[PDB]
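Have a look at the structure below, then the notes.
Using ideal geometry, Cβ is built from the backbone for each residue, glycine included, and neighbour counts are taken over all protein chains shown. What follows is calculated from the coordinates using simple rules that are stated; it is not laboratory data.
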Amino acid sequence: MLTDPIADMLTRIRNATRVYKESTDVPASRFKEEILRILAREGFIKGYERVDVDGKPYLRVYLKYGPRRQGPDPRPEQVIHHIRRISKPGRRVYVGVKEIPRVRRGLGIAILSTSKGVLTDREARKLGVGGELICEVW
Amino acid sequence: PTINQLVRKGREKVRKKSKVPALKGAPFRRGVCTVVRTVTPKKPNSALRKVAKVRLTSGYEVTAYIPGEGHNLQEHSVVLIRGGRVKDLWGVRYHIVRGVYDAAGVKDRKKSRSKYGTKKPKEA
RNA sequence: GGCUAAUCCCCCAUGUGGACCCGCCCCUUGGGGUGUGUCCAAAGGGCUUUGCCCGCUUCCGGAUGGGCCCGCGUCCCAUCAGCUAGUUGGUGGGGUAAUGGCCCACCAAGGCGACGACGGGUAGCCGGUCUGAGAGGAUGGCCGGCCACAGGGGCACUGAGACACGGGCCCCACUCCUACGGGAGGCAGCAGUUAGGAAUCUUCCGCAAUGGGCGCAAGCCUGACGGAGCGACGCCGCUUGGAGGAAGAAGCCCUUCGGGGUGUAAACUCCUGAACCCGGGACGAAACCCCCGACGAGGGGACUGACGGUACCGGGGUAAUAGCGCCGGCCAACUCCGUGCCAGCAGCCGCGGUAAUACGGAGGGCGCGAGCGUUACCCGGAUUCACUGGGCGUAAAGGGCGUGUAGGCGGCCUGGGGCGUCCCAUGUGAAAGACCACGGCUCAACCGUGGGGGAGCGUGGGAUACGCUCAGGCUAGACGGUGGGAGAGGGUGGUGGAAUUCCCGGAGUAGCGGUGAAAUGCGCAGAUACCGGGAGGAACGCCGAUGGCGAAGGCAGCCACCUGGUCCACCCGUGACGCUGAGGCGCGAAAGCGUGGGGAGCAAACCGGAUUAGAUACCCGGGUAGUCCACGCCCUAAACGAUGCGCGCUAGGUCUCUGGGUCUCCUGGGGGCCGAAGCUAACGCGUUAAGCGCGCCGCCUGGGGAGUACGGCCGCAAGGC
RNA sequence: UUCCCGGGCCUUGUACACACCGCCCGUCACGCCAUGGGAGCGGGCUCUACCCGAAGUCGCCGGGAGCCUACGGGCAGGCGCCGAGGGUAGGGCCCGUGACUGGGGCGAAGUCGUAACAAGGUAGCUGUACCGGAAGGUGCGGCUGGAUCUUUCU
Ligand SMILES: [Mg+2]
Ligand SMILES: [Mg+2]
Ligand SMILES: [Mg+2]
Ligand SMILES: [Mg+2]
Ligand SMILES: [Mg+2]
Ligand SMILES: [Mg+2]
Ligand SMILES: [Mg+2]
Ligand SMILES: [Mg+2]
Ligand SMILES: [Mg+2]
Ligand SMILES: [Mg+2]
Ligand SMILES: [Mg+2]
Ligand SMILES: [Mg+2]
Ligand SMILES: [Mg+2]
Ligand SMILES: [Mg+2]
Ligand SMILES: [Mg+2]
Ligand SMILES: [Mg+2]
Ligand SMILES: [Mg+2]
Ligand SMILES: [Mg+2]
Ligand SMILES: [Mg+2]
Ligand SMILES: [Mg+2]
Ligand SMILES: [Mg+2]
Ligand SMILES: [Mg+2]
Ligand SMILES: [Mg+2]
Ligand SMILES: [Mg+2]
Ligand SMILES: [Mg+2]
Ligand SMILES: [Mg+2]
Ligand SMILES: [Mg+2]
Ligand SMILES: [Mg+2]
Ligand SMILES: [Mg+2]
Ligand SMILES: [Mg+2]
Ligand SMILES: [Mg+2]
Ligand SMILES: [Mg+2]
Ligand SMILES: [Mg+2]
Ligand SMILES: [Mg+2]
Ligand SMILES: [Mg+2]
Ligand SMILES: [Mg+2]
Ligand SMILES: [Mg+2]
Ligand SMILES: [Mg+2]
Ligand SMILES: [Mg+2]
Ligand SMILES: [Mg+2]
Ligand SMILES: [Mg+2]
Ligand SMILES: [Mg+2]
Ligand SMILES: [Mg+2]
Ligand SMILES: [Mg+2]
Ligand SMILES: [Mg+2]
Ligand SMILES: [Mg+2]
Ligand SMILES: [Mg+2]
Ligand SMILES: [Mg+2]
Ligand SMILES: [Mg+2]
Ligand SMILES: [Mg+2]
Ligand SMILES: [Mg+2]
Ligand SMILES: [Mg+2]
Ligand SMILES: [Mg+2]
Ligand SMILES: [Mg+2]
Ligand SMILES: [Mg+2]
Ligand SMILES: [Mg+2]
Ligand SMILES: [Mg+2]
Ligand SMILES: [Mg+2]
Ligand SMILES: [Mg+2]
Ligand SMILES: [Mg+2]
Ligand SMILES: [Mg+2]
Ligand SMILES: [Mg+2]
Ligand SMILES: [Mg+2]
Ligand SMILES: [Mg+2]
Ligand SMILES: [Mg+2]
Ligand SMILES: [Mg+2]
Ligand SMILES: [Mg+2]
Ligand SMILES: [Mg+2]
Ligand SMILES: [Mg+2]
Ligand SMILES: [Mg+2]
Ligand SMILES: [Mg+2]
Ligand SMILES: [Mg+2]
Ligand SMILES: [Mg+2]
Ligand SMILES: [Mg+2]
Ligand SMILES: [Mg+2]
Ligand SMILES: [Mg+2]
Ligand SMILES: [Mg+2]
Ligand SMILES: [Mg+2]
Ligand SMILES: [Mg+2]
Ligand SMILES: [Mg+2]
Ligand SMILES: [Mg+2]
Ligand SMILES: [Mg+2]
Ligand SMILES: [Mg+2]
Ligand SMILES: [Mg+2]
Ligand SMILES: [Mg+2]
Ligand SMILES: [Mg+2]
Ligand SMILES: [Mg+2]
Ligand SMILES: [Mg+2]
Ligand SMILES: [Mg+2]
Ligand SMILES: [Mg+2]
Ligand SMILES: [Mg+2]
Ligand SMILES: [Mg+2]
Ligand SMILES: [Mg+2]
Ligand SMILES: [Mg+2]
Ligand SMILES: [Mg+2]
Ligand SMILES: [Mg+2]
Ligand SMILES: [Mg+2]
Ligand SMILES: [Mg+2]
Ligand SMILES: [Mg+2]
Ligand SMILES: [Mg+2]
Ligand SMILES: [Mg+2]
Ligand SMILES: [Mg+2]
Ligand SMILES: [Mg+2]
Ligand SMILES: [Mg+2]
Ligand SMILES: [Mg+2]
Ligand SMILES: [Mg+2]
Ligand SMILES: [Mg+2]
Ligand SMILES: [Mg+2]
Ligand SMILES: [Mg+2]
Ligand SMILES: [Mg+2]
Ligand SMILES: [Mg+2]
Ligand SMILES: [Mg+2]
Ligand SMILES: [Mg+2]
Ligand SMILES: [Mg+2]
Ligand SMILES: [Mg+2]
Ligand SMILES: [Mg+2]
Ligand SMILES: [Mg+2]
Ligand SMILES: [Mg+2]
Ligand SMILES: [Mg+2]
Ligand SMILES: [Mg+2]
Ligand SMILES: [Mg+2]
Ligand SMILES: [Mg+2]
Ligand SMILES: [Mg+2]
Ligand SMILES: [Mg+2]
Ligand SMILES: [Mg+2]
Ligand SMILES: [Mg+2]
Ligand SMILES: [Mg+2]
Ligand SMILES: [Mg+2]
Ligand SMILES: [Mg+2]
Ligand SMILES: [Mg+2]
Ligand SMILES: [Mg+2]
Ligand SMILES: [Mg+2]
Ligand SMILES: [Mg+2]
């Protein structure tokens, strides 16, 4: 049993990208899907699809990288530099609308889960709601 | 420590210990000389440093430096304790204030008068 | 003892109404209505006395101000862990404005506590204030709000209200008065005295203003207050001049004797005019009151000052205080002389023993300037208690190991509720302060008017992703079933051979033994070496590994029995049953303790021999506890991977133990070695993580003092925590 | 080429870096400072048990034993509970001084040891135990945080 499936998914993505994998399988759930959809729309991942591994649901996530680089270490820039759980089981952070944080001066995102659904920071402000602060990504 | 651990226990505020129980809280303290003598400083230096044993208005007994060139303090004189140490001496935690009570300000000192407690000289 | 009035006290009456018992109705805690019975009122004074004023009585409501009650928030020590007898509850009663163990009677046996009760220490709390990027830390003077106390302690009376600072009773301490019986006092009010202390003001003016008490008013009272005084204690404004003035006086300092510096600085020239004199001179003041009107509304009119002859305005008018710290780095400012580990400096590192930008003076310089330094204390920096925002292989820091209690945390799908969470509205968040705007004193400090913000909490409405919860469902976690394994895992009993020692016998002499060399020691009572036989105890060669098992400590001959853990295949069963784990409980090398055994070898202590300057030591000869078994304690360790447990994720290569497979190889589970990414102070770690993440526990916070002291718990003691 | 003296290069350990003519530990003595135990004694608090108990409120009596009366009762006064505070007895805790005593910390820098750091000259460390006045030594077991006869000191 994963103790925090969301943190687990984010971490899988992190590890995956850090070795420049083309894709990564996370065990599937609705909530994970919503978080993904947000990433995909934001451009951090190419996309994701549903797939059955050992006849079990998984979300396969297609990662995204930079162009090849020059000099020593040709390895390309990451599209996801930073992916981090904020609210965790055992400390759950919830923010009001006035408290939804601007991430990397706007270049990043924060993902919130709200009673309007899973939004980004901008989405939540424009919708005027707060909620649980899920993760930072930039 | 895990968050639950801080909820259970929590960080501990660090108490501060007074380097100077001249105390009764005070900035200065009146006292009476018991001994007036000299002492030999710590390892790297050599000199005869001038100090006094003082009984205090705080009912305390302490060694005090007698800063200056010359010093008039005698056995039974009354004196004002400043506080602050002399680093190369032993357990001298306080200085005597020049210019007040029986400790007169340093004879013929032109430059830093306030420390050493001497008034302004005369001009021709 | 006697006289006497009243708005003083009391009795009958009138009952608008009201209070009480009982009944009824509506509301629902003792709220409101109603009926019968009962019970309860009043005070008079002034006037221009025919009408009005000031009052009085009962009732209902208003307003203001309080009492009591609840949720939540409110410092340190667990070396304070158990506390409690009106204690916890009940029935009845007493008491109060009123609930209430607030108090008493009787009954029940309860109440509180690791979510920290009880105990000890400290402390008035807050709006705010200081600091801080913030979070936070620290504080609560002044001003506003609340509490509490009035020399210490108890108590009540009077009243709407007090258990009453300038009221009362009692006790205690203290000061005084005393005819020795006895009395009087209460500045933590203003001012003042004294003691203590580093330190904190005038025995001022005034009732003019605002406010308060009484009075119909006139008016009286007000050390509240409005002022003035003293202290650079703080903040703010202001001054000690302004312009001209040398290819650059003197003096003083440096000098490479050429010169360089103080420096336009001065002198001097001119100009302005702080102080100061003269003149004028306030605002704060309009009501109370007078007139008309009806003592109203309205309109009109006059008295009224501490500050003060102050501020201010006009005229006149003198170049007219500067100091304090620093100048080695941090840190802005350098030279000369004097001193020679002295005298001294010092916040830290450090400077001074003959060139001292560090001591002392001087010149010069930097910084502030009516101030400048110092000491003390708070925040800061310090991310150095780390929520923001730290750690633990070797720097401090993983608990010896486990089992599990409380607690913390929790896979996938669906539905209900909406407690957390979020949103809107709304009430509250006083004033002051902070912020913003505009304004008032010439400015500012200071002050006014206005606007905004604001966590938190109350009420109402809404949202449902996440967390919670309830109901249902799934199988990927977890456990089970079946069938295979490998194993020094544990307990019990038995048994085997090598060797040592000892005893018996044979044979057999002169030494053996031991060391660097020796000696003690053993041998003619026949040793050593050799052979045969016996007794006993302890440990298991080869196999044996760089191997295996266990949670750790730890486990090695062979056999049997009892028994724990674990791995793989099948994918068969249950359906989240999970992870962690403060306490608790159990295990826990060696040594050690107790009672009994056992005793071959080894062997602390010990007895000897050498070596050595000496020996207690290193080497040699003996040797007791002990080492071994039973049982009961002890609970430490480099108990080490110096690396807590679990889960998921992130290249490979290679050797190996053990399963499965179509067995080159692949697929599990172990042990190792190199190494991706990555990490790390480095060394190193690297699918057996010291990488990336999540959950929970333990632990750290400079070195010593010190795993010490005191306390407590445990222990037979040693000693442990 | 083993040895003695001097030297060169590579490697290893090091707590040395004035650099082994080094460093540190420790004992006895000498100077100060803080502290522990502590007989006995001085004062304080607190609890429990019992005795005394002011004021006052409340309760009872208030009687041919007092005062008033409209005969309904009122006051004085007595008694009781409670009760500040005092005493006695013991229990516990906190300061004060303290004979005697244990280490500890420094300090000019003396004394004699040579344990540790190089395989520190017997590898070290360690829990426990015995021995020594102590440094230490030895036993047993553990750790690697170990290097490839004796015989000093600077
Ligand atoms: Mg790929
Ligand atoms: Mg909120
Ligand atoms: Mg004292
Ligand atoms: Mg009379
Ligand atoms: Mg009379
Ligand atoms: Mg009469
Ligand atoms: Mg009356
Ligand atoms: Mg009547
Ligand atoms: Mg009626
Ligand atoms: Mg009211
Ligand atoms: Mg203690
Ligand atoms: Mg009682
Ligand atoms: Mg009353
Ligand atoms: Mg009752
Ligand atoms: Mg609780
Ligand atoms: Mg107090
Ligand atoms: Mg601020
Ligand atoms: Mg506070
Ligand atoms: Mg106040
Ligand atoms: Mg009192
Ligand atoms: Mg009194
Ligand atoms: Mg009192
Ligand atoms: Mg009172
Ligand atoms: Mg008074
Ligand atoms: Mg004095
Ligand atoms: Mg004053
Ligand atoms: Mg007045
Ligand atoms: Mg008035
Ligand atoms: Mg009136
Ligand atoms: Mg005043
Ligand atoms: Mg000029
Ligand atoms: Mg010149
Ligand atoms: Mg003129
Ligand atoms: Mg006026
Ligand atoms: Mg006026
Ligand atoms: Mg008229
Ligand atoms: Mg009028
Ligand atoms: Mg003028
Ligand atoms: Mg003029
Ligand atoms: Mg002049
Ligand atoms: Mg500088
Ligand atoms: Mg100086
Ligand atoms: Mg000289
Ligand atoms: Mg010189
Ligand atoms: Mg020099
Ligand atoms: Mg100088
Ligand atoms: Mg200096
Ligand atoms: Mg100088
Ligand atoms: Mg100067
Ligand atoms: Mg000023
Ligand atoms: Mg901090
Ligand atoms: Mg900070
Ligand atoms: Mg600290
Ligand atoms: Mg943190
Ligand atoms: Mg915070
Ligand atoms: Mg740290
Ligand atoms: Mg461990
Ligand atoms: Mg549980
Ligand atoms: Mg969940
Ligand atoms: Mg809700
Ligand atoms: Mg609001
Ligand atoms: Mg406000
Ligand atoms: Mg305002
Ligand atoms: Mg602030
Ligand atoms: Mg203005
Ligand atoms: Mg203001
Ligand atoms: Mg609501
Ligand atoms: Mg719904
Ligand atoms: Mg739901
Ligand atoms: Mg739960
Ligand atoms: Mg279910
Ligand atoms: Mg099986
Ligand atoms: Mg076995
Ligand atoms: Mg066995
Ligand atoms: Mg045999
Ligand atoms: Mg024989
Ligand atoms: Mg024979
Ligand atoms: Mg013989
Ligand atoms: Mg012989
Ligand atoms: Mg034989
Ligand atoms: Mg025998
Ligand atoms: Mg072997
Ligand atoms: Mg081992
Ligand atoms: Mg078995
Ligand atoms: Mg088995
Ligand atoms: Mg199945
Ligand atoms: Mg089923
Ligand atoms: Mg566990
Ligand atoms: Mg446990
Ligand atoms: Mg044991
Ligand atoms: Mg043993
Ligand atoms: Mg024994
Ligand atoms: Mg032997
Ligand atoms: Mg010998
Ligand atoms: Mg021996
Ligand atoms: Mg460590
Ligand atoms: Mg340890
Ligand atoms: Mg950890
Ligand atoms: Mg491998
Ligand atoms: Mg096979
Ligand atoms: Mg493996
Ligand atoms: Mg690398
Ligand atoms: Mg590196
Ligand atoms: Mg490696
Ligand atoms: Mg792995
Ligand atoms: Mg893996
Ligand atoms: Mg891991
Ligand atoms: Mg590390
Ligand atoms: Mg310390
Ligand atoms: Mg110990
Ligand atoms: Mg005992
Ligand atoms: Mg011990
Ligand atoms: Mg040589
Ligand atoms: Mg060469
Ligand atoms: Mg070289
Ligand atoms: Mg070498
Ligand atoms: Mg080494
Ligand atoms: Mg050194
Ligand atoms: Mg040296
Ligand atoms: Mg009594
Ligand atoms: Mg009476
Ligand atoms: Mg009594
Ligand atoms: Mg002593
Ligand atoms: Mg040695
Ligand atoms: Mg040794
Ligand atoms: Mg050695
Ligand atoms: Mg030992
Ligand atoms: Mg001994
Ligand atoms: Mg020995
Ligand atoms: Mg050993
Ligand atoms: Mg170490
Ligand atoms: Mg070692
Ligand atoms: Mg020798």
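Data overview
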item	result
Shape category assigned to region B:41-110 from the gyration tensor of Cα positions, a/c cut at 1.5	oblate
Distance violations [Cα-Cα > 19 Å] among A:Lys32/A:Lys56; B:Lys16/B:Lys115; B:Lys50/B:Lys110; A:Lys21/A:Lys64; B:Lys50/B:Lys87	B:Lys16/B:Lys115; B:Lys50/B:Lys110
Prolate/oblate/rounded label for chain A (Cα gyration tensor, a/c 1.5)	oblate
Anisotropy class of region A:81-138 from Cα gyration tensor, a/c 1.5 cut	oblate
Loop-located GluC sites (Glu not before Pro) in region B:1-110, at most 12 other Cβ atoms within 10 Å (DSSP)	B:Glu12, B:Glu69, B:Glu75
5 angstrom amide H check on B:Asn72, placed H, neighbours 5+ away	B:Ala104
Point-to-point label distance, B:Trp90-B:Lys19, nm (Cα→Cβ direction, 7 Å offset)	2.1
At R0 = 35 Å, FRET efficiency that the Cβ-Cβ distance of B:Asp108 and B:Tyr60 yields, to 0.05	0.55
Within straight-line cross-link reach of A:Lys116, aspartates and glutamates at Cα separation under 20 Å, skipping those fewer than 8 residues along the same chain	A:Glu33, A:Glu34, A:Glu42, A:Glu99, A:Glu132, A:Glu136
Dipole magnitude of the protein assembly as shown, debye to nearest 20 (Cβ charges: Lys/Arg +1, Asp/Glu -1, about Cα centre)	1800
Value of relative contact order over region B:35-109, rounded to a whole percent, pairs C-alpha under 8 Å and six or more apart	27
Inter-site label distance for A:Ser115 and A:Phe31 at 7 Å from Cα along Cβ, in nm	1.8
Top positive-direction residue, dipole computed over the protein assembly as shown with Cβ charges, set B:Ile81, B:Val7, A:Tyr94	B:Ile81
Assigned charges on the beta-carbon of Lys, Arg, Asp, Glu; chain B dipole about Cα centre (debye)	640
Estimated FRET transfer efficiency (A:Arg75, B:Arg11; beta-carbon r; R0 41 Å; 0.05)	0.50
Filtered chymotrypsin sites (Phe, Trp or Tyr not before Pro), region A:1-51: DSSP coil and at most 13 other beta carbons within 10 Å	A:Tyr20
Residue-by-residue Karplus 3J(HN,Hα) for region B:107-118, coefficients 6.51, -1.76, 1.60, Hz, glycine and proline x	5, 6, 10, 7, 8, 9, 7, 4, 5, 5, x, 10
Förster-model FRET efficiency, 30 Å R0, A:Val51 and A:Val93, C-beta, rounded to 0.05	0.40
Radius ratio Rg over Rh of chain B, counting only Cα atoms, Kirkwood formula for Rh	1.20
Ranked list, fewest to most other Cβ atoms within 10 Å of each Cβ, for A:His81, B:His95, B:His76	B:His76, A:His81, B:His95
Region B:56-124 and region A:52-116: distance between their alpha carbon centers, rounded to Å	68
